[PDB]
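Residue numbers (UniProt numbering), protein chains in the order written: chain Y, 245 to 293; chain W, 196 to 390; chain H, 148 to 195; chain X, 976 to 1023; chain P, 976 to 1023; chain R, 391 to 585.
Notes to accompany the following structure.
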Amino acid sequence: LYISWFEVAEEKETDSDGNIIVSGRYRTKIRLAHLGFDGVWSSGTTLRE
Amino acid sequence: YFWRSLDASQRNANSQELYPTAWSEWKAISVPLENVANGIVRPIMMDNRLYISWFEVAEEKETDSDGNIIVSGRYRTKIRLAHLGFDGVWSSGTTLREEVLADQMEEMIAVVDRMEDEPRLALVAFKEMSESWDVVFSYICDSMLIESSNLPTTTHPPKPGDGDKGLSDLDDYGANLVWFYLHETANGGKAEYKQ
Amino acid sequence: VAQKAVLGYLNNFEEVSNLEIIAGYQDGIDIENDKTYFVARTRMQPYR
Amino acid sequence: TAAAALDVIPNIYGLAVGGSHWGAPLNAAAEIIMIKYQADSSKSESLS
Amino acid sequence: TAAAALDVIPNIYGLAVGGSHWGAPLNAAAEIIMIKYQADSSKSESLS
Amino acid sequence: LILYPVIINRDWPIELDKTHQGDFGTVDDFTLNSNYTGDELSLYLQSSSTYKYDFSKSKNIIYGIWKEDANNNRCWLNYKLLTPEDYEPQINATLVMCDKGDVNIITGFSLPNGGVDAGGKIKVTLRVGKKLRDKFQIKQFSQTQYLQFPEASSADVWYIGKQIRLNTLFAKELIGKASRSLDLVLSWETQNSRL
């Protein structure tokens, strides 16, 4: 058995010109966990970001 | 914070008075209430279950697409509710609908049980003192903590002319209710509200 | 004391009766014999 | 309790605002419970 | 759990943004485990 | 929607589309049989429309099935050398082709030049049968979650068309009674409530 989801947060990136890149951008990542044979949940982990 | 109760029964049949037993003990409340918005709270007891309700708010410095700050100021706010377990201990408490309001609606709360119908629904409302066009924010819940479904349609539908926003049925209803308390006031003028 | 204990159990059982299903996945193509799994969460916060 | 209550207030000013550690009151409450347990357990010893 | 869950939200506004203590939920979970152990161990005493 | 594993059908490929090419003709000009073979595709091209491309003039016409790709690898898969005076010739080839891309094939008449010729052909696109998918469904009615089976045309597996409850509102009774006492909960009435 496995469990899967994702998480995301916005980051206020800025231009080379120092100004903010007002378009907005989103750090996000895929998350997965699994159950051990001993009947306990994995700590979970992240795949590609 | 503490709560207690008083019975109106327990009089002697002869007495213009009540037994001492009528007064309950004062009891502590365990919820970490210090985040309260404005030193304000309402208890509700229904169906033999006790509940406690309030709200909280904080300002957030939002900014324009142009990067500049939106100097009008805006207020993240949220409705909070807790209840006592049968085992005699307080719930951890929870949040209902959230908002980030364009203004600091902060003039306290109104709460009651409703029987305009059999469900015995739970309802909470908040207000701001536009003496006319008083501004209201509110939520309604099924006792199983489900947002209540059915309501009468908006008295102020969106775009009632240039007032393009109108109101959401929910808040339209709540507004009517609070008006039924602070404008409909033959029971007591709105200045009396605080007591 | 036993009353207290059972009231606690009942309290948790409330949340059990308030559990809300979220999603499910089939073990395989044969719905009519393959097992299936489901996930659900609490209405009350914190979400469990 | 009072410590977390105080720490509810915002921290930051100027061209930015930074609020406060939202969970602090709830964290404190949990620890308060633990502290109660700590005292209770310690008392038992003296009686014994 | 709820404390860390709440503290997931961002803290900062204006010309800057400052997020939240990313590890807080995992840290809380670890401590939760420890708290479980604490209770269990304490129970053993009463039985003994 | 209820989810389930992705699994290859392992039968005839799903035909995607067809086109016609050469100096004449239409997409209707050839009938293609394309059943799968275990590991391999298999094709059985029944020509029509010789009379709409080339017949009784060009001879030693390559009536062929040949490959296509992003490079027009028009490599011969199977062909008959004939005069298209036979208006509806047939040719066929098993195609291992275990690369699970979308297979493109040309099917029709050509001169020995194998191109830029009066012989005309259609072109076809085929894909591996991904679809083993079947419906099963989570449902919501009133407050309760529930399930229902498809009205499948399958054998009479009793599962067909059945419906199953997933949740209960029992909580309300607990609230109403435990608040007071467990005895009310344990009452025969409670156990026999038409919840």
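Note that CB positions come from ideal geometry on N, CA and C, so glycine has one too.
- Taking each of W:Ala305, W:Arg275, W:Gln299 in turn and checking the Cα distance to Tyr368 of chain W, the smallest one comes out for W:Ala305.
- Look at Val992 of chain P here: in three-state DSSP terms it is coil, with no helix or strand label.
- DSSP places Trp249 of chain W in the uninterrupted beta strand (DSSP E) bounded by 244-255.
- Cβ atoms of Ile335 of chain W and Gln533 of chain R stay farther apart than 8 Å, at about 15 Å.
- A distance below 6 Å between beta-carbons, with the five flanking residues on each side excluded, links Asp337 of chain W to the following residues of its chain, in chain order: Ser343.
- Against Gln192 of chain H, the close residues of chain P are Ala977, in the order they occur along the chain (beta-carbon pairs closer than 7 Å).
- Inside the stretch 506-568 of chain R, DSSP marks whole alpha helix (DSSP H) runs of 4 or more residues at positions 561-568, from first to last along the chain.
- Neighbours of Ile274 of chain W in chain P, taken as residues at a C-beta separation under 8 Å, are lacking, since the least C-beta distance is about 15 Å.
- By alpha-carbon distance to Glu220 of chain W, the top candidate from W:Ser210, W:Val236, W:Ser200 is W:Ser200.
- Against chain H, the CB of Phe250 of chain W has no partner CB under 7 Å away; the residue lies outside that interface.
- Residues of the stretch 328-341 of chain W that bring their beta carbon within less than 9 Å of a beta carbon in chain R comprise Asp337, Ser338, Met339, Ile341, in sequence order.
- Runs of the alpha helix (DSSP H) lying entirely within the stretch 324-352 of chain W, each at least 4 residues long, are absent.
- When the five nearest sequence neighbours on each side are left out, the beta carbons in the same chain lying within less than 7 Å of the beta carbon of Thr290 of chain W are those of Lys273, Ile274, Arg275, in order along the chain.
- Counting of Cβ neighbours within 10 angstroms places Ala320 of chain W among the buried residues, the total reaching 16 or more.
- With fewer than three CB-CB distances shorter than 8 Å, the stretch 436-451 of chain R does not count as touching the stretch 533-543 of chain R.
- By the Cβ test, the stretch 353-368 of chain W is not in contact with the stretch 308-316 of chain W, since fewer than three Cβ pairs between them sit closer than 8 Å.
- Distance from the CA of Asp413 of chain R to the CA of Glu254 of chain Y, rounded to the nearest whole angstrom, comes to 58 Å.
- Boundaries of the alpha helix (DSSP H) harbouring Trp578 of chain R: 578-581, taken from the DSSP string.
- Between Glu323 of chain W and the set W:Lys385, W:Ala208, W:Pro238, the nearest pair of CA atoms involves W:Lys385.
- Here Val226 of chain W carries a coil assignment [DSSP, helix/strand/coil].
- Interface residue (Cβ-Cβ distance to chain R less than 7 Å): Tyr184 of chain H is not classified as such.
- Pairing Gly361 of chain W with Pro347 of chain W gives a Cβ-Cβ distance that is not under 7 Å.
- Per the coordinates, the alpha-carbon of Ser1021 of chain X lies some 11 Å from the alpha-carbon of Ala1014 of chain X.
- In the DSSP assignment, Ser437 of chain R forms a beta bridge with R:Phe420.
- The beta carbons of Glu541 of chain R and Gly551 of chain R sit closer together than 7 Å.
- Counting along the chain, the unbroken beta strand (DSSP E) around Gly171 of chain H starts and ends at 167-173.
- CA-to-CA, the gap between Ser327 of chain W and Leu296 of chain W works out to about 19 Å.
- Between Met300 of chain W and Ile235 of chain W, the C-beta gap is not smaller than 7 Å, which leaves the two residues out of contact.
- Shown in chain order are the members of the stretch 276-298 of chain W whose Cβ falls below 9 Å from a Cβ of chain H: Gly280, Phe281, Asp282, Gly283, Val284, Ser286, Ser287, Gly288, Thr289, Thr290.
- Comparing C-alpha distances from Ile392 of chain R to each of H:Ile178, H:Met191, H:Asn165, H:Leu166 shows the shortest one belongs to H:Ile178.
- Burial check for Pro227 of chain W: the Cβ neighbour count within 10 Å reaches 16 or more, so the residue is buried.
- The Cβ atoms of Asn986 of chain P and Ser995 of chain P lie closer than 7 Å to each other.
- Here the stretch 161-171 of chain H makes contact with the stretch 180-193 of chain H; the two share three or more CB pairs at distances below 8 Å.
- In terms of beta-carbon proximity, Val992 of chain P lines the interface with chain Y, with at least one pair separated by less than 7 Å.
- Interface flag for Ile264 of chain Y against chain W is set, since a Cβ pair is found closer than 7 Å.
- Using a Cβ-Cβ cut-off of 7 Å, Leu1022 of chain X does not count as an interface residue toward chain W, since no Cβ of chain W sits closer than that to its own.
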